[PDB]
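The block underneath contains the structure these notes are about, expressed in structure tokens.
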Amino acid sequence: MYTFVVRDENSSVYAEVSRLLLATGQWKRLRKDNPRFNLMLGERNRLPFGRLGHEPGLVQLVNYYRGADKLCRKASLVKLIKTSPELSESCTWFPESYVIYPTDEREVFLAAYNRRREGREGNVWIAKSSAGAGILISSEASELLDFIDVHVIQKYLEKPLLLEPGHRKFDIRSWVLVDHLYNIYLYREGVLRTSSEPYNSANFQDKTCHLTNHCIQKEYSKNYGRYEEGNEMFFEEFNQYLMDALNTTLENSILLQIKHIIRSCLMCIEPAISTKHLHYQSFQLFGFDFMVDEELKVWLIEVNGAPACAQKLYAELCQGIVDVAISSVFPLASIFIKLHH
Amino acid sequence: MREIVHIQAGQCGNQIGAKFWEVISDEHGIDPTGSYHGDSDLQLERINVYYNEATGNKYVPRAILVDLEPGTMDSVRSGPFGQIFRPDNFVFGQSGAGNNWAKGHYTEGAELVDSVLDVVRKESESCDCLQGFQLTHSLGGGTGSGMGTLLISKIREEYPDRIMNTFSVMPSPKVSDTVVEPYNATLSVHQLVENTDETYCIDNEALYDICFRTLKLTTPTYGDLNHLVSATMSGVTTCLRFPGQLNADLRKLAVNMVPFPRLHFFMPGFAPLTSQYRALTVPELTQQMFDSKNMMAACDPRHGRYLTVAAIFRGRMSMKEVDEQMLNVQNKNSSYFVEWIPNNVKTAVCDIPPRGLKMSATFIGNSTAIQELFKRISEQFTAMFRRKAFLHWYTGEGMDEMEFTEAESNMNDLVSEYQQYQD
Amino acid sequence: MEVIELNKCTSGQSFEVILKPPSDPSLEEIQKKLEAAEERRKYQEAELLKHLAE
Amino acid sequence: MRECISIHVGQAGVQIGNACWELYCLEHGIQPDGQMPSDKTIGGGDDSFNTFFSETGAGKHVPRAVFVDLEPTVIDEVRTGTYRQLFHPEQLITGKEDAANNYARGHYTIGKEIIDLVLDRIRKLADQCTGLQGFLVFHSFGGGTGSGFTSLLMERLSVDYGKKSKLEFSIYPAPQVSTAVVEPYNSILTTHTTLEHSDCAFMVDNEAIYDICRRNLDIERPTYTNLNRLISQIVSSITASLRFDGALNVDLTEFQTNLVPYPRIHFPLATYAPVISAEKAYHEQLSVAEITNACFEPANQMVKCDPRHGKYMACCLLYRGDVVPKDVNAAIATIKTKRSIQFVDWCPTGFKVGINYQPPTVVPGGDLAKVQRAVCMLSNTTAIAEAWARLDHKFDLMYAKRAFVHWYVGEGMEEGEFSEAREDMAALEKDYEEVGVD
Ligand SMILES: Nc1nc2c(ncn2[C@@H]2O[C@H](COP(=O)(O)OP(=O)(O)OP(=O)(O)O)[C@@H](O)[C@H]2O)c(=O)[nH]1
Ligand SMILES: Nc1ncnc2c1ncn2[C@@H]1O[C@H](COP(=O)(O)OP(=O)(O)CP(=O)(O)O)[C@@H](O)[C@H]1O
Ligand SMILES: Nc1nc2c(ncn2[C@@H]2O[C@H](COP(=O)(O)OP(=O)(O)O)[C@@H](O)[C@H]2O)c(=O)[nH]1
Ligand SMILES: [Ca+2]
Ligand SMILES: [Ca+2]
Ligand SMILES: [Ca+2]
Ligand SMILES: [Mg+2]
Ligand SMILES: [Mg+2]
Ligand SMILES: [Mg+2]
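Protein chains in written order, with the deposited numbering: chain F, 1 to 102, 125 to 155, 159 to 174, 179 to 362, 373 to 380; chain B, 1 to 42, 45 to 277, 282 to 360, 369 to 437; chain E, 6 to 28, 44 to 74; chain A, 1 to 438.
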């Protein structure tokens, strides 16, 4: 008989994991502030890691990796990619980005902006922050900085891969689970969050065709759900399209770069967040978001530390969390691809 | 040399107290004549907590025997270990108390209390470091209940900075001598709420049920009931009579067990309770120890919450496995332990087991479910008081109905206080 | 790494390694608090004895 | 040569002190009768070991120590123990009834009655010092005497010896061996009234020592003897520089200079390695790099916490045994690349190293095996604040209901001191987060 607590009522993923644990007849849910728990489904902000692993006779496990915010924050991610030799400034799968405060990189961001100005190359950039829904897509630097007045500005992928029919944009969300042993498990089932509006490179003011967000597409797009239900195209349909349209597979053209990017990011911070010899153990579910350009190159946009799953996949994924992440530590009485390292 | 002064008052107090000294005297190797004939120095290392060392290397119990009738005390002086008591420590009258709290507290008892205090003073004056006092008595009678609480009040006045500890037998209609027992118990409980630091609530109803249901005794006698109390008293005082770190004296016990001054009424439990040569594993001791059927208060712990718990394991056993099982009980049923008192369960171990057992476990719980015991008494009290039934026995001794109304309100207050900490 | 302040003796040696450069109450007051606490005790005891006297 | 006086308060401090002074004698070659054959200057001298020992005309080396307990059972064992001949009766001070795990009882009620006697016995040893550095105070957090009487002693010592330094060796409460539910109360009360008066405190969490004993020594149910022997090893590593020839941490002032740039933040984290069970005949002797790498494993720290999620303000390495500077720097280079070591911007990223060639001494028959080389790391990291958070949380849980508060109020202590002490701990936690977080 195992015990667990719930400290994030707004967690759609672990609300299902909690329901599954109880349905096993071998897990007992306690009060949120009862310390004698085996498993903590902790909160997102100010989770007290310092109070974990001090209960004699209790193997305690938490569903978050302390220090993983370095990877799941706009400015943190940029700083971690530029200042880490394992990733280096020469990182070829991350868009050229800069951190600007309303340290600061105002003079560095403009240096590369003038070089592209004279070069006549695509000089469209995007500025975003970790408190967004609000973003600004402009080709003039003066408008980007006046808008910010912490933020980060990176090159806007001007030539993205466009699905047909539709001539539209999209992004790929990958769910990755890391257990207490730091095994990297990539969920087989991904989702393409597509824009139902044709990509118009002339005007960036109308962000319905540029932002593939599920909320922005259901509020500012008239063709929501026209091509696929909920602007969500799963891997089966996307794979067949790439075979019919480009004579290639999702595994070869895209999935190899995604698996590479996932390893590199999680392997980089491993020494800083691993709980191998720690008095408590950690696991965490991550949400990676990629962009695919017209040349079938994959780019990393950001990593979400508290991601939500797709409706159809909630059941399968949540059951997989219990199997490899929870039951592996507390045994009772594959849908993942193990990224070895 | 933290000495404890023992007092036993009334029929029940002296019959239970006599068995207690018979039990612990055997554990420490002392014979009925006061001579030591043991085989372990652990028996003597703290023998002075309860015994005085006399001439010729004789150990004399630091006990004072009090009663308003000579009957029961003549039985003790003629009992097995009757010769071991200090003759000067027998203080008794001739009239009795007629199961009347007023007689023991205001009339008959008042005439005799000064004599008892003179004996207590003599015992305390020769104490190197007096911890306090422990009183055995019932609350249903007249002497132990009425005079016992009078003694406690006068002892506190003369020794305000000493711990007051009592073993108090609560009345039950199942094992009842007279109908006025709820009256006497209600009046005594208020005295205990104010003037004791630790009170082990021993319910004659629980003792009977255990003897009948568990021990399989069809016609339980008081002797059978006193076997349970005798073994329980030895268990709860193990940490006081043998070398140890946890709850080794009365004050440190009180500091660990009493988070609020008035909520100092404990539920004691004992394990095993066999009807007998089988070995009992550490997991088995722990489960029985926490099972309500082994509780002496007749209160369901699952109806309340544990403020604090003191566990004592006796015998040669895996102290590692003891830690494991104890942590297992708390972690398995953490909902029954208040979360605003972290680590409120303390566990001690004593190598010397009780007579006739390879290993045992004594449970001491401060549970809010003890309110069930006080509610029970309060209902029985009110059933008669609403008709002023049997009051003339008390008004004839000078008492006024107001004192009953106040005792009634004091009791219900205590019940309310327990209820506020159960939510 | 920079090693500095190397001191050696028969029983050992010490040194420093730099990986990177950077980027009371008086006795009177105490006596008052100690005696102030003893006063609150005496007051609490006197009240108890007054209660017992009633 | 400047003398140091050790003060052992309460059961924990007395028993730990008894273990340390036993270890000191084995290290300095002092027999149980106080004789020191290797000492050629009879009846005096200003050697390094004289900072902890005085010398009688008869050649006995008497520890500059004082034992204080409000109950005699613990100090009585020292009066009849193996090293009973070292101490004279004036050094052992005992009462009748202890503080009953009640801070207010040790500080106000009972402490007030014995504070002048202890100070008088301390003045005796001080009068025998040509140049007193200060004091090393051993005590527990949870005990009524260790917490209550210690804070009253630290208050007065600042009055009588204002210019002297004071270091603590404090035992953090752990439920696996604790004896009182109110130990969080006593811990926070004593930390509040002792903070201004302590220049540097080494916290030892019984939980960490307990697990190290079970994990690395194979002790199923460790005892105070097991814990104290391991603790005295750590203490010996920290005080060795005061007792032996050397140039690092040679006086008490240097401890504060090398480890405490921020006065309130004066709780360095101690890590020790290796801890090897003597119950195994052969064990691969660890190297300088291996034991140095172990200094960054939480499993070896005196307080379980994660220094990765904090910042360093200073870090010392105290080596004992076969260690040459070349190997230390080679081990630091490797560790610096693999480990996550972050210093505060206003502090240099470096390590003060100290090496004593005499390898660690183990009590004959104990549980710790002899090793060719050992290290104790003293790192002032903000991560140690995790221990304050744990303590403060339990305090908040009980104090919200005023549980057990009546025991303290009944001894003359006012309820306001509880919240006052808690607000002080709240400020302390805020200081740590400012320094070590962004
Ligand atoms: N490491 C270690 N901890 C100890 C030792 N003795 C007691 N403790 C711890 O100290 C705390 C209790 O404080 P004590 O030192 O025993 O109490 P005290 O200082 O004698 O004060 P009193 O309440 O008057 O007895 C508990 O948390 C124990 O775990 C010891 O020998 N070694
Ligand atoms: N450098 C870039 N090039 C092209 N498109 C970009 C881009 N950066 C962001 N976008 C677009 O912006 C959208 C959302 O951006 P982003 O992921 O940074 O914000 P967000 O954190 O609010 C969404 P989520 O938290 O669900 O991942 C993406 O769907 C992507 O299409
Ligand atoms: N357990 C137990 N209870 C007793 C014994 N004798 C009396 N009682 C209980 O005590 C109450 C009567 O009090 P008693 O001690 O006889 O009156 P007293 O002599 O005036 O103090 C009743 O509730 C009885 O059930 C006994 O030997 N054992
Ligand atoms: Ca008369
Ligand atoms: Ca000399
Ligand atoms: Ca000072
Ligand atoms: Mg986001
Ligand atoms: Mg009777
Ligand atoms: Mg003590």
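By construction, the Cβ of each residue, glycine as well, lies at the ideal position given by its N, Cα and C atoms.
Buried or exposed (CB count within 10 angstroms, at least 16 for buried), residue i
{"i": "B/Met413", "result": "buried"}
{"i": "B/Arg2", "result": "buried"}
{"i": "A/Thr109", "result": "buried"}
{"i": "F/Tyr101", "result": "exposed"}
{"i": "B/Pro307", "result": "buried"}
{"i": "B/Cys131", "result": "exposed"}
{"i": "F/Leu240", "result": "buried"}
{"i": "A/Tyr399", "result": "buried"}
{"i": "A/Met413", "result": "buried"}
{"i": "A/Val118", "result": "buried"}
{"i": "B/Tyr185", "result": "buried"}
{"i": "B/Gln433", "result": "exposed"}
{"i": "B/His229", "result": "buried"}
{"i": "A/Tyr282", "result": "exposed"}
Range covered by the alpha helix (DSSP H) that runs through residue i
{"i": "B/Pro184", "result": "183-197"}
{"i": "A/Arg390", "result": "385-400"}
{"i": "residue 441 of chain A", "result": "Nothing in the structure corresponds to residue 441 of chain A, since chain A is present only between 1 and 438."}
{"i": "B/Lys326", "result": "325-338"}
Presumed contact (8 Å Cβ cut-off) between residue i and residue j, rounded CB distance
{"i": "F/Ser84", "j": "F/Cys297", "result": "6 Å"}
{"i": "residue 442 of chain A", "j": "A/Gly59", "result": "Since the displayed chain A opens at 1 and closes at 438, residue 442 of chain A lies outside it and no answer follows."}
{"i": "A/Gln85", "j": "A/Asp33", "result": "5 Å"}
{"i": "A/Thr382", "j": "A/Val435", "result": "5 Å"}
{"i": "A/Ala174", "j": "A/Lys304", "result": "That pair is no contact at about 10 Å."}
Residue interval of the beta strand (DSSP E) (run including residue i)
{"i": "F/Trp204", "result": "197-207"}
{"i": "A/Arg373", "result": "373-381"}
{"i": "F/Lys377", "result": "375-378"}
{"i": "B/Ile7", "result": "2-9"}
{"i": "F/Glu323", "result": "Premise fails: F/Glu323 is in no beta strand (DSSP E) and is neither H nor E."}
{"i": "F/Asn281", "result": "Unbroken run through F/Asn281: none, as it is neither H nor E."}
{"i": "E/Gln18", "result": "17-25"}
Check whether residue i and residue j have beta carbons under 8 Å apart
{"i": "B/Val121", "j": "B/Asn167", "result": "no"}
{"i": "B/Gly17", "j": "B/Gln11", "result": "no"}
{"i": "B/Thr382", "j": "B/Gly271", "result": "no"}
{"i": "A/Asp211", "j": "A/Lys166", "result": "no"}
{"i": "B/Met172", "j": "B/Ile391", "result": "yes"}
### Query
Does the pairing of the stretch 198-207 of chain A with the stretch 266-279 of chain A give three or more beta-carbon distances under 8 Å?
Taking 8 Å as the limit for Cβ pairs, the verdict is that the stretch 266-279 of chain A does touch the stretch 198-207 of chain A.
### Query
Would the stretch 356-367 of chain A and the stretch 409-423 of chain A be scored as touching if the rule is three or more Cβ pairs under 8 Å?
no
### Query
Is the stretch 308-326 of chain B touching the stretch 343-357 of chain B, taking contact as three or more C-beta pairs under 8 Å?
yes
### Message
Contact between the stretch 242-256 of chain F and the stretch 326-340 of chain F is defined here as three or more beta-carbon pairs at a separation below 8 Å; is this criterion met?
### Response
At 8 Å Cβ cutoff, the stretches do not touch.
### Query
Does the stretch 332-350 of chain A come close enough to the stretch 221-234 of chain A to have 3 or more Cβ pairs within less than 8 Å?
No, because fewer than three Cβ pairs between the stretch 332-350 of chain A and the stretch 221-234 of chain A fall closer than 8 Å, the two stretches do not touch.
### Three-pair Cβ contact test at 8 Å for the stretch 278-298 of chain A versus the stretch 388-403 of chain A
no
### Query
Would you call the stretch 94-104 of chain A and the stretch 62-71 of chain A touching, i.e. three or more CB-CB distances under 8 Å?
yes
### Message
Would the stretch 348-360 of chain B count as touching the stretch 178-190 of chain A if we require 3 or more Cβ pairs under 8 Å?
### Response
yes
### Query
Using 8 Å as the threshold, is the stretch 190-197 of chain F in touch with the stretch 208-227 of chain F, meaning 3 or more CB pairs across them?
yes
### Query
Are the stretch 121-131 of chain B and the stretch 184-203 of chain B in contact at 8 Å, needing three or more beta carbon pairs?
Taking 8 Å as the limit for Cβ pairs, the verdict is that the stretch 184-203 of chain B does not touch the stretch 121-131 of chain B.
### Task
Decide yes or no for the touch test of the stretch 1-20 of chain A against the stretch 118-137 of chain A: beta carbon pairs closer than 8 Å, at least 3 of them.
yes
#### Entry: the stretch 328-336 of chain B touching the stretch 285-293 of chain B, judged by at least three CB pairs closer than 8 Å
yes
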